[PDB]
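**Student:** File work-v1.cif follows (mmCIF, C-alpha atoms and all ligand atoms):
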data_data
loop_
_atom_site.label_atom_id
_atom_site.label_comp_id
_atom_site.auth_asym_id
_atom_site.auth_seq_id
_atom_site.Cartn_x
_atom_site.Cartn_y
_atom_site.Cartn_z
CA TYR M 1 0.00 0.00 0.00
CA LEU M 2 2.64 2.48 -1.13
CA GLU M 3 0.23 5.32 -1.86
CA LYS M 4 -0.98 5.29 1.74
CA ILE M 5 2.48 4.93 3.29
CA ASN M 6 3.84 7.78 1.16
CA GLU M 7 1.02 10.03 2.38
CA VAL M 8 1.65 9.16 6.04
CA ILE M 9 5.37 9.89 5.82
CA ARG M 10 4.83 13.15 3.93
CA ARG M 11 2.38 14.35 6.58
CA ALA M 12 4.74 13.23 9.36
CA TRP M 13 7.73 15.20 8.09
CA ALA M 14 5.55 18.28 7.71
CA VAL M 15 4.64 18.61 11.41
CA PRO M 16 6.57 21.63 12.79
CA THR M 17 8.96 20.77 15.63
CA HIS M 18 7.81 17.15 15.90
CA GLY M 19 8.19 16.17 12.25
CA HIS M 20 11.84 15.28 12.76
CA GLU M 21 11.07 12.56 15.29
CA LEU M 22 7.90 11.38 13.52
CA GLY M 23 9.54 11.00 10.11
CA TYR M 24 12.61 9.33 11.59
CA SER M 25 10.54 6.81 13.56
CA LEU M 26 8.43 5.87 10.51
CA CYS M 27 11.43 5.57 8.18
CA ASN M 28 13.25 3.43 10.75
CA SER M 29 10.12 1.25 11.00
CA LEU M 30 10.24 0.77 7.22
CA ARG M 31 13.76 -0.58 7.57
CA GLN M 32 13.15 -2.81 10.58
CA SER M 33 9.96 -4.33 9.16
CA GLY M 34 11.75 -5.36 5.94
CA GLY M 35 9.92 -2.75 3.90
CA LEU M 36 13.12 -0.98 2.89
CA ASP M 37 14.50 -4.21 1.43
CA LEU M 38 11.22 -4.74 -0.41
CA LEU M 39 11.42 -1.26 -1.95
CA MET M 40 14.96 -1.93 -3.17
CA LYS M 41 13.87 -5.23 -4.71
CA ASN M 42 10.92 -3.52 -6.40
CA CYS M 43 12.76 -0.48 -7.74
CA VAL M 44 14.19 -2.58 -10.61
CA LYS M 45 10.75 -3.85 -11.66
CA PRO M 46 9.56 -1.41 -14.35
CA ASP M 47 5.94 -1.54 -13.14
CA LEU M 48 6.83 -0.77 -9.50
CA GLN M 49 9.79 1.52 -10.10
CA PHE M 50 8.36 4.99 -9.71
CA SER M 51 6.13 4.14 -6.74
CA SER M 52 9.05 2.50 -4.94
CA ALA M 53 11.34 5.43 -5.76
CA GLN M 54 8.77 7.91 -4.47
CA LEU M 55 8.82 6.34 -1.01
CA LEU M 56 12.57 5.72 -0.98
CA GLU M 57 13.08 9.41 -1.67
CA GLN M 58 11.29 10.34 1.56
CA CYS M 59 13.04 7.78 3.79
CA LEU M 60 16.76 8.11 3.00
CA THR M 61 17.49 9.02 6.60
CA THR M 62 20.82 8.50 8.33
CA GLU M 63 20.46 4.81 9.14
CA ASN M 64 18.53 3.95 5.97
CA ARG M 65 21.30 5.45 3.82
CA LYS M 66 23.65 3.02 5.55
CA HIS M 67 21.23 0.18 4.77
CA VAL M 68 21.02 1.10 1.08
CA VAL M 69 24.80 1.47 0.80
CA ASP M 70 25.26 -1.99 2.30
CA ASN M 71 22.56 -3.81 0.32
CA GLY M 72 21.86 -2.17 -3.02
CA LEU M 73 23.38 1.19 -3.80
CA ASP M 74 23.71 0.41 -7.50
CA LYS M 75 19.97 -0.33 -7.83
CA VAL M 76 18.93 2.85 -6.03
CA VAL M 77 21.29 5.09 -8.01
CA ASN M 78 19.95 3.50 -11.19
CA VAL M 79 16.32 4.17 -10.33
CA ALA M 80 17.19 7.78 -9.47
CA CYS M 81 18.86 8.21 -12.84
CA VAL M 82 15.89 6.56 -14.59
CA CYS M 83 13.63 9.08 -12.85
CA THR M 84 15.69 12.07 -13.97
CA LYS M 85 15.47 10.78 -17.56
CA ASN M 86 11.66 10.55 -17.44
CA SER M 87 9.87 13.56 -18.91
CA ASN M 88 7.38 13.93 -16.05
CA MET M 89 8.36 16.67 -13.60
CA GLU M 90 7.13 14.49 -10.74
CA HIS M 91 9.72 11.91 -11.75
CA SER M 92 12.55 14.43 -12.12
CA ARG M 93 11.93 15.79 -8.63
CA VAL M 94 12.06 12.28 -7.18
CA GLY M 95 15.28 11.22 -8.92
CA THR M 96 17.15 14.37 -7.99
CA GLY M 97 15.86 14.03 -4.42
CA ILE M 98 17.27 10.52 -4.14
CA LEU M 99 20.66 11.65 -5.39
CA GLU M 100 20.68 14.63 -3.01
CA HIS M 101 20.36 12.23 -0.07
CA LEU M 102 22.78 9.60 -1.35
CA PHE M 103 25.48 12.30 -1.21
CA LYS M 104 25.05 12.49 2.61
CA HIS M 105 26.68 9.22 3.66
CA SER M 106 30.49 9.12 3.24
CA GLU M 107 33.46 9.94 1.04
CA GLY M 108 33.42 6.42 -0.38
CA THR M 109 29.71 6.48 -1.16
CA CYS M 110 30.06 9.82 -2.92
CA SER M 111 32.76 8.18 -5.07
CA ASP M 112 30.43 5.26 -5.88
CA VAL M 113 27.49 7.53 -6.71
CA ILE M 114 29.75 9.52 -9.04
CA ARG M 115 31.04 6.31 -10.63
CA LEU M 116 27.47 5.11 -11.28
CA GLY M 117 26.44 8.39 -12.95
CA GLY M 118 24.78 10.19 -10.06
CA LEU M 119 26.75 13.42 -10.36
CA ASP M 120 26.32 13.52 -14.14
CA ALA M 121 22.56 13.19 -13.63
CA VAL M 122 22.49 16.07 -11.15
CA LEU M 123 24.55 18.35 -13.38
CA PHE M 124 22.34 17.53 -16.35
CA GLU M 125 19.25 18.52 -14.33
CA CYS M 126 20.86 21.87 -13.42
CA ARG M 127 19.65 22.95 -16.89
CA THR M 128 16.02 22.77 -15.76
CA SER M 129 13.80 25.67 -14.75
CA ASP M 130 11.71 23.62 -12.30
CA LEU M 131 12.31 25.22 -8.92
CA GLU M 132 11.87 22.06 -6.83
CA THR M 133 14.30 20.13 -9.06
CA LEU M 134 16.86 22.94 -8.92
CA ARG M 135 16.56 23.11 -5.13
CA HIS M 136 17.38 19.39 -4.97
CA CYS M 137 20.34 19.94 -7.31
CA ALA M 138 21.81 22.78 -5.25
CA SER M 139 21.36 20.76 -2.05
CA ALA M 140 22.93 17.69 -3.68
CA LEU M 141 26.00 19.71 -4.62
CA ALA M 142 26.27 21.19 -1.11
CA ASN M 143 26.05 17.66 0.32
CA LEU M 144 28.70 16.36 -2.10
CA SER M 145 30.96 19.28 -1.12
CA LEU M 146 30.50 18.47 2.58
CA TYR M 147 30.79 14.69 2.34
CA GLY M 148 32.99 14.06 -0.70
CA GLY M 149 36.39 14.72 0.82
CA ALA M 150 39.55 15.62 -1.03
CA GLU M 151 39.50 12.75 -3.54
CA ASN M 152 36.07 13.78 -4.84
CA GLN M 153 36.92 17.49 -5.08
CA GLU M 154 39.38 16.71 -7.88
CA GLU M 155 36.52 14.93 -9.64
CA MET M 156 34.27 17.95 -9.10
CA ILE M 157 36.97 20.19 -10.59
CA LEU M 158 37.30 17.99 -13.68
CA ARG M 159 33.54 17.98 -14.23
CA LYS M 160 33.57 21.78 -13.67
CA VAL M 161 31.13 21.66 -10.75
CA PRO M 162 32.12 25.19 -9.60
CA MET M 163 30.97 26.43 -13.00
CA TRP M 164 27.55 24.82 -12.55
CA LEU M 165 27.34 26.22 -9.02
CA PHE M 166 27.91 29.90 -9.79
CA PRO M 167 24.69 30.29 -11.84
CA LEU M 168 22.75 28.65 -9.01
CA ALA M 169 24.25 31.07 -6.49
CA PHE M 170 22.95 33.99 -8.56
CA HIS M 171 19.50 32.40 -8.77
CA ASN M 172 16.76 34.63 -7.41
CA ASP M 173 15.24 31.77 -5.37
CA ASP M 174 16.56 32.05 -1.82
CA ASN M 175 16.77 28.29 -1.25
CA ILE M 176 18.71 27.59 -4.46
CA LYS M 177 20.96 30.57 -3.76
CA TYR M 178 21.61 29.54 -0.16
CA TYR M 179 22.59 25.92 -0.79
CA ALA M 180 24.68 26.91 -3.80
CA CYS M 181 26.50 29.43 -1.61
CA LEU M 182 26.96 26.81 1.12
CA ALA M 183 28.59 24.47 -1.41
CA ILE M 184 30.85 27.30 -2.51
CA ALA M 185 31.73 28.23 1.07
CA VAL M 186 32.78 24.63 1.66
CA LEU M 187 34.74 24.31 -1.58
CA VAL M 188 36.81 27.48 -1.16
CA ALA M 189 38.88 25.52 1.36
CA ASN M 190 40.36 23.98 -1.82
CA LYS M 191 42.87 26.49 -3.13
CA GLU M 192 42.35 25.60 -6.80
CA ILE M 193 38.61 26.18 -6.44
CA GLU M 194 39.21 29.31 -4.34
CA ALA M 195 40.65 31.16 -7.35
CA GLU M 196 37.57 30.45 -9.48
CA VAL M 197 35.25 31.44 -6.61
CA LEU M 198 36.94 34.82 -6.07
CA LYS M 199 36.71 35.62 -9.80
CA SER M 200 33.02 34.70 -9.85
CA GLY M 201 32.14 37.21 -7.11
CA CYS M 202 29.53 34.81 -5.70
CA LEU M 203 30.95 35.25 -2.20
CA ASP M 204 29.65 38.84 -2.39
CA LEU M 205 26.13 37.37 -2.18
CA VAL M 206 26.61 36.28 1.42
CA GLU M 207 26.63 39.60 3.25
CA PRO M 208 23.39 40.87 1.64
CA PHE M 209 21.76 37.50 2.29
CA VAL M 210 22.61 36.97 5.96
CA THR M 211 21.85 40.56 6.92
CA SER M 212 18.49 40.52 5.09
CA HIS M 213 17.16 37.16 6.34
CA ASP M 214 16.18 36.27 9.87
CA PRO M 215 17.53 32.75 10.48
CA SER M 216 14.31 31.57 12.13
CA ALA M 217 12.06 32.74 9.30
CA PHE M 218 14.41 31.29 6.68
CA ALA M 219 14.21 27.88 8.37
CA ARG M 220 10.42 27.97 8.07
CA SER M 221 10.61 29.10 4.43
CA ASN M 222 11.17 25.57 3.06
CA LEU M 223 9.56 22.46 4.51
CA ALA M 224 12.51 20.30 3.47
CA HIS M 225 14.93 22.05 5.87
CA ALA M 226 12.46 23.18 8.56
CA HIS M 227 13.92 20.60 10.97
CA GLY M 228 17.55 21.45 10.21
CA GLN M 229 20.31 19.01 9.36
CA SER M 230 21.69 15.96 11.11
CA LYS M 231 24.61 16.13 13.49
CA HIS M 232 26.80 14.27 10.96
CA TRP M 233 26.10 16.98 8.37
CA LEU M 234 26.73 19.79 10.85
CA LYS M 235 29.94 18.13 12.02
CA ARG M 236 31.22 18.54 8.45
CA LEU M 237 30.20 22.21 8.35
CA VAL M 238 32.03 23.05 11.61
CA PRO M 239 35.38 23.64 9.85
CA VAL M 240 33.83 26.41 7.76
CA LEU M 241 33.34 28.40 10.98
CA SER M 242 37.12 29.00 10.77
CA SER M 243 37.36 29.28 6.99
CA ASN M 244 40.07 31.37 5.35
CA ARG M 245 37.36 33.48 3.70
CA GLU M 246 35.39 35.96 5.80
CA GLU M 247 32.29 35.45 3.69
CA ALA M 248 32.35 31.69 4.24
CA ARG M 249 32.69 32.14 8.01
CA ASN M 250 29.72 34.51 7.88
CA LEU M 251 27.53 31.96 6.08
CA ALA M 252 28.49 29.10 8.39
CA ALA M 253 27.77 31.24 11.47
CA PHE M 254 24.36 32.14 10.03
CA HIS M 255 23.66 28.48 9.41
CA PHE M 256 24.58 27.44 12.95
CA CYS M 257 22.46 30.29 14.33
CA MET M 258 19.50 28.94 12.35
CA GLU M 259 20.21 25.38 13.51
CA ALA M 260 20.49 26.45 17.15
CA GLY M 261 16.99 27.91 16.97
CA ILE M 262 15.62 24.75 15.37
CA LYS M 263 17.39 22.35 17.71
CA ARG M 264 16.20 24.31 20.74
CA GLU M 265 12.61 23.43 19.83
CA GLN M 266 13.50 19.77 19.26
CA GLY M 267 15.47 19.29 22.48
CA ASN M 268 18.53 18.24 20.46
CA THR M 269 20.82 21.08 21.55
CA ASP M 270 23.17 18.42 22.89
CA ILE M 271 24.28 17.48 19.37
CA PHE M 272 26.32 20.71 19.18
CA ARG M 273 28.36 19.55 22.16
CA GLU M 274 28.82 16.10 20.58
CA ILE M 275 30.20 17.57 17.33
CA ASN M 276 32.45 20.09 19.18
CA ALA M 277 30.74 23.11 17.67
CA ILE M 278 30.40 24.90 21.03
CA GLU M 279 34.08 25.82 21.19
CA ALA M 280 34.21 26.64 17.48
CA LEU M 281 31.20 28.91 18.03
CA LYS M 282 32.63 30.49 21.19
CA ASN M 283 35.76 31.46 19.27
CA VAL M 284 33.64 33.15 16.60
CA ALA M 285 31.52 34.95 19.22
CA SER M 286 34.70 36.77 20.31
CA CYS M 287 36.38 37.49 16.96
CA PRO M 288 36.35 41.00 15.45
CA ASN M 289 34.11 40.04 12.48
CA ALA M 290 30.86 41.62 13.68
CA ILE M 291 28.56 39.71 11.32
CA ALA M 292 29.75 36.22 12.24
CA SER M 293 30.22 37.13 15.91
CA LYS M 294 26.60 38.24 16.32
CA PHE M 295 25.26 35.07 14.70
CA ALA M 296 27.42 32.75 16.80
CA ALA M 297 26.48 34.61 19.99
CA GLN M 298 22.78 34.26 19.19
CA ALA M 299 23.43 30.58 18.47
CA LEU M 300 24.99 30.07 21.91
CA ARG M 301 22.11 31.90 23.60
CA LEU M 302 19.66 29.71 21.69
CA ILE M 303 21.65 26.64 22.77
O1 LIG V 1 14.79 16.23 10.45
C1 LIG V 1 15.53 15.88 9.62
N1 LIG V 1 15.13 15.85 8.21
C2 LIG V 1 13.82 16.33 7.93
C3 LIG V 1 13.18 15.78 6.61
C4 LIG V 1 12.12 16.50 6.08
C5 LIG V 1 11.54 16.00 4.97
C6 LIG V 1 12.00 14.84 4.41
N2 LIG V 1 13.01 14.18 4.97
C7 LIG V 1 13.49 12.97 4.29
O2 LIG V 1 14.54 12.27 5.24
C8 LIG V 1 15.57 11.90 4.51
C9 LIG V 1 16.78 12.82 4.75
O3 LIG V 1 17.17 12.62 6.08
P1 LIG V 1 18.07 13.84 6.72
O4 LIG V 1 19.42 13.87 6.02
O5 LIG V 1 18.23 13.54 8.20
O6 LIG V 1 17.33 15.13 6.44
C10 LIG V 1 15.20 12.13 2.99
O7 LIG V 1 14.61 10.95 2.46
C11 LIG V 1 14.20 13.26 3.13
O8 LIG V 1 13.39 13.35 2.04
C12 LIG V 1 13.60 14.61 6.02
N3 LIG V 1 16.90 15.37 9.86
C13 LIG V 1 17.54 15.36 11.16
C14 LIG V 1 17.32 16.44 12.01
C15 LIG V 1 17.97 16.49 13.22
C16 LIG V 1 18.85 15.49 13.56
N4 LIG V 1 19.54 15.54 14.80
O9 LIG V 1 19.17 16.23 15.66
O10 LIG V 1 20.70 14.79 14.93
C17 LIG V 1 19.10 14.46 12.69
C18 LIG V 1 18.46 14.41 11.46
NA NA V 2 9.15 24.73 11.44
NA NA V 3 17.90 34.85 -3.41
#
Output the file's structure as structure tokens, nothing else.
**Tutor:**
Amino acid sequence: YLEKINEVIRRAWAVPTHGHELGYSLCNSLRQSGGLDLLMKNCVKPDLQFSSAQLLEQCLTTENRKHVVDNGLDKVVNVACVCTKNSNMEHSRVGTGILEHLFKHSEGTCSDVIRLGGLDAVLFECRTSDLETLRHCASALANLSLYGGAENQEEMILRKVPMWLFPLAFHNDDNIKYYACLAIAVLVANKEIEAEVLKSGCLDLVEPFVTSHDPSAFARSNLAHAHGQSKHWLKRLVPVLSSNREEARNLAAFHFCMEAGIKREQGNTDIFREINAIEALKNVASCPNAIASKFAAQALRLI
């Protein structure tokens, strides 16, 4: 009864504050009951492919990503690429969503997804005008930047990912712009990419953005990120709090300020201690940079 399960999970994620726990508990139930394995078996049957992919896309949570990686990554990447090739916009959104989440597991899994065509599929879809698809693409590239590690940055350089990112950063949609800028803020730690970023001028988009958006309202602006990111994702963003580039530090501080507000309402403020962001934030709350300092201080107060 996929149509009914997909509706339940969609409604669960959408509950403000509680949707994080509700979606996680349902998606974990799917794994423990054997339903996740059934979806992976069915996603290679042409008749059951899109319905299976539609539910997979909504349940690629932390532990389920591990399960897919261990049991059938090649099948899931294939279905996602099939979906991006389909003409229906509903399909394109699903395929790009799957790939966005498969880039949030590990360096090695990013390498496998790239090997199987996942990055090529995302870059191809960057040509679309569909906002939801483009939002998935920008998020996928931010995730790949955060999780790919050094090996995969060389592969991003060869495929000219920075080039695909800069147009997304100048997009007028705030969610596309934000996640494109987050990817860029992460990648400037790579000195070869840094040169291209400085020439682009995209980093100049940060100061107008963070001073014009209230972190709390921005969180509520898109259902997909209303509950924030996982501690494993935030752990990987912590180093940007001490980036070489002032603009990147500013964006990371804004992000942590937003996450602090969200995690306060969930009772998960302890994750910041676990990922050693408290000390990284305390340092920024004392530095001369007034923009980043204010955001980090508000984050600590929210924590
Ligand atoms: O609330 C969340 N996500 C919320 C959300 C919303 C709508 C859909 N989905 C689906 O879930 C899978 C991605 O999972 P995520 O990478 O976790 O987003 C994908 O299939 C996605 O379509 C998730 N995450 C979270 C938060 C706090 C902590 N924490 O406090 O440690 C840990 C994790
Ligand atoms: Na919310
Ligand atoms: Na914008």
**Student:** Suppose you want the space between atom CA of residue 96 of chain M and atom CA of residue 221 of chain M; what is it in Å?
**Tutor:** 20.3 Å
**Student:** When the cut-off is 8 Å and you count all atoms listed in the file, which residues lie near ligand LIG 1 (chain V), shown as a ChimeraX atom specification?
**Tutor:** /M:10,13-14,19-21,23-24,27,56-62,97-98,101,104,223-233,263,266,268-269,271
**Student:** For the interface of chain M with ligand NA 3 (chain V) (cut-off 9 Å, counting only C-alpha atoms and all ligand atoms), please tabulate each contacting residue of chain M alongside its nearest pair of atoms and their separation in Å to one decimal, rows sorted by chain and increasing number, as JSON lines.
**Tutor:**
{"residue": "M:169", "atom": "CA", "partner": "V:NA3", "partner_atom": "NA", "distance": 8.0}
{"residue": "M:170", "atom": "CA", "partner": "V:NA3", "partner_atom": "NA", "distance": 7.3}
{"residue": "M:171", "atom": "CA", "partner": "V:NA3", "partner_atom": "NA", "distance": 6.1}
{"residue": "M:172", "atom": "CA", "partner": "V:NA3", "partner_atom": "NA", "distance": 4.2}
{"residue": "M:173", "atom": "CA", "partner": "V:NA3", "partner_atom": "NA", "distance": 4.5}
{"residue": "M:174", "atom": "CA", "partner": "V:NA3", "partner_atom": "NA", "distance": 3.5}
{"residue": "M:175", "atom": "CA", "partner": "V:NA3", "partner_atom": "NA", "distance": 7.0}
{"residue": "M:176", "atom": "CA", "partner": "V:NA3", "partner_atom": "NA", "distance": 7.4}
{"residue": "M:177", "atom": "CA", "partner": "V:NA3", "partner_atom": "NA", "distance": 5.3}
{"residue": "M:178", "atom": "CA", "partner": "V:NA3", "partner_atom": "NA", "distance": 7.2}
{"residue": "M:205", "atom": "CA", "partner": "V:NA3", "partner_atom": "NA", "distance": 8.7}
{"residue": "M:209", "atom": "CA", "partner": "V:NA3", "partner_atom": "NA", "distance": 7.4}
**Student:** Please identify every residue of chain M that has at least one atom no farther than 6 Å from an atom of ligand NA 2 (chain V), counting all atoms listed in the file, and for each give the shortest atom pair and the distance in Å to one decimal, arranged by chain then increasing number, as CSV.
**Tutor:**
residue,atom,partner,partner_atom,distance
M:16,CA,V:NA2,NA,4.3
M:17,CA,V:NA2,NA,5.8
M:220,CA,V:NA2,NA,4.8
M:226,CA,V:NA2,NA,4.7
**Student:** For residue 165 of chain M, which of M:123, M:105, M:287, M:4 is the closest residue, counting all atoms listed in the file?
**Tutor:**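 When distances to residue 165 of chain M are compared using all atoms listed in the file, the smallest one comes from M:123.
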**Student:** Export segment 176-232 of chain M, C-alpha atoms, as a compact mmCIF listing (two decimals), in the first residue's frame; it's the structure right above.
**Tutor:**
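For reference, part.txt as written:
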# COMPACT_ATOMS: atom_id res chain seq x y z
CA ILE M 176 18.71 27.59 -4.46
CA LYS M 177 20.96 30.57 -3.76
CA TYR M 178 21.61 29.54 -0.16
CA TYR M 179 22.59 25.92 -0.79
CA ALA M 180 24.68 26.91 -3.80
CA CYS M 181 26.50 29.43 -1.61
CA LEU M 182 26.96 26.81 1.12
CA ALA M 183 28.59 24.47 -1.41
CA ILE M 184 30.85 27.30 -2.51
CA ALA M 185 31.73 28.23 1.07
CA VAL M 186 32.78 24.63 1.66
CA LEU M 187 34.74 24.31 -1.58
CA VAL M 188 36.81 27.48 -1.16
CA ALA M 189 38.88 25.52 1.36
CA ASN M 190 40.36 23.98 -1.82
CA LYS M 191 42.87 26.49 -3.13
CA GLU M 192 42.35 25.60 -6.80
CA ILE M 193 38.61 26.18 -6.44
CA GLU M 194 39.21 29.31 -4.34
CA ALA M 195 40.65 31.16 -7.35
CA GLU M 196 37.57 30.45 -9.48
CA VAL M 197 35.25 31.44 -6.61
CA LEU M 198 36.94 34.82 -6.07
CA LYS M 199 36.71 35.62 -9.80
CA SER M 200 33.02 34.70 -9.85
CA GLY M 201 32.14 37.21 -7.11
CA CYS M 202 29.53 34.81 -5.70
CA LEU M 203 30.95 35.25 -2.20
CA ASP M 204 29.65 38.84 -2.39
CA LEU M 205 26.13 37.37 -2.18
CA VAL M 206 26.61 36.28 1.42
CA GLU M 207 26.63 39.60 3.25
CA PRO M 208 23.39 40.87 1.64
CA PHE M 209 21.76 37.50 2.29
CA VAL M 210 22.61 36.97 5.96
CA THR M 211 21.85 40.56 6.92
CA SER M 212 18.49 40.52 5.09
CA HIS M 213 17.16 37.16 6.34
CA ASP M 214 16.18 36.27 9.87
CA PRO M 215 17.53 32.75 10.48
CA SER M 216 14.31 31.57 12.13
CA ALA M 217 12.06 32.74 9.30
CA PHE M 218 14.41 31.29 6.68
CA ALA M 219 14.21 27.88 8.37
CA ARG M 220 10.42 27.97 8.07
CA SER M 221 10.61 29.10 4.43
CA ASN M 222 11.17 25.57 3.06
CA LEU M 223 9.56 22.46 4.51
CA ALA M 224 12.51 20.30 3.47
CA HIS M 225 14.93 22.05 5.87
CA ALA M 226 12.46 23.18 8.56
CA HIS M 227 13.92 20.60 10.97
CA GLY M 228 17.55 21.45 10.21
CA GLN M 229 20.31 19.01 9.36
CA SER M 230 21.69 15.96 11.11
CA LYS M 231 24.61 16.13 13.49
CA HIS M 232 26.80 14.27 10.96
